[PDB]
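Peer 1: this is the structure alone, sequence omitted:
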Ligand SMILES: [Cl-]
Ligand code: NA
Ligand code: NA
């Protein structure tokens, strides 16, 4: 058993409220996922619990893939990643519903 993929998308435009995070996302955009992993949407009764799992699974997979190549995420990266992935997971739940 694995997870469903989504198709790759352009990393979303996000106006982060924290200005330094806002700039950091742009500077370091390629560090973050452009596609999401998830359990099938018909297994969820609402957007919120889907997105919750989609973010957890996707961040787990990306962090694992990154760590094993000898690379690292900063605490900033993690905060930005969670937001990025949340937006893509919402998109995915809307597109795939
Ligand atoms: Cl992109
Ligand atoms: Na601000
Ligand atoms: Na990094």
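Peer 2: Thanks, I have it. Residues are numbered from 1 along each chain as shown. Ligands and ions are numbered 1, 2, ... in the order given.
Peer 1: now for the residue in the chain that ligand 1 sits nearest to, how many residues are close by?
Peer 2: Per C-beta to the ion, residue 11 is where the chain lies closest to ligand 1, at 3.8 Å. C-betas here are computed from N, CA, C, even on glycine. By other C-beta atoms under 10 Å, 18 other residues sit near residue 11.
Peer 1: now do the strands in the chain.
Peer 2: 4-5, 37-38 (DSSP state E).
Peer 1: mean neighbour count, these: which tops it?
Peer 2: Most buried of these, by mean neighbour count (mean count of other C-beta atoms under 10 Å): strand 37-38, with a mean of 24.
Peer 1: show me how far stretch 79-91 is from its chain's centre.
Peer 2: 4 Å (C-alpha atoms, centre = their mean, to the nearest Å).
Peer 1: what about it, near ligand 3?
Peer 2: No - Stretch 79-91 stays clear of ligand 3 (C-beta under 5 Å from the ion), getting no nearer than 10.1 Å.
Peer 1: going forward can the numbers begin at 32, since that is how I track them
Peer 2: Taking 32 as the first residue, the last one we looked at is stretch 110-122.
Peer 1: now that stretch: buried residues?
Peer 2: For stretch 110-122, burial by neighbour count (16 or more other C-beta atoms under 10 Å) applies to 110-112, 114-121.
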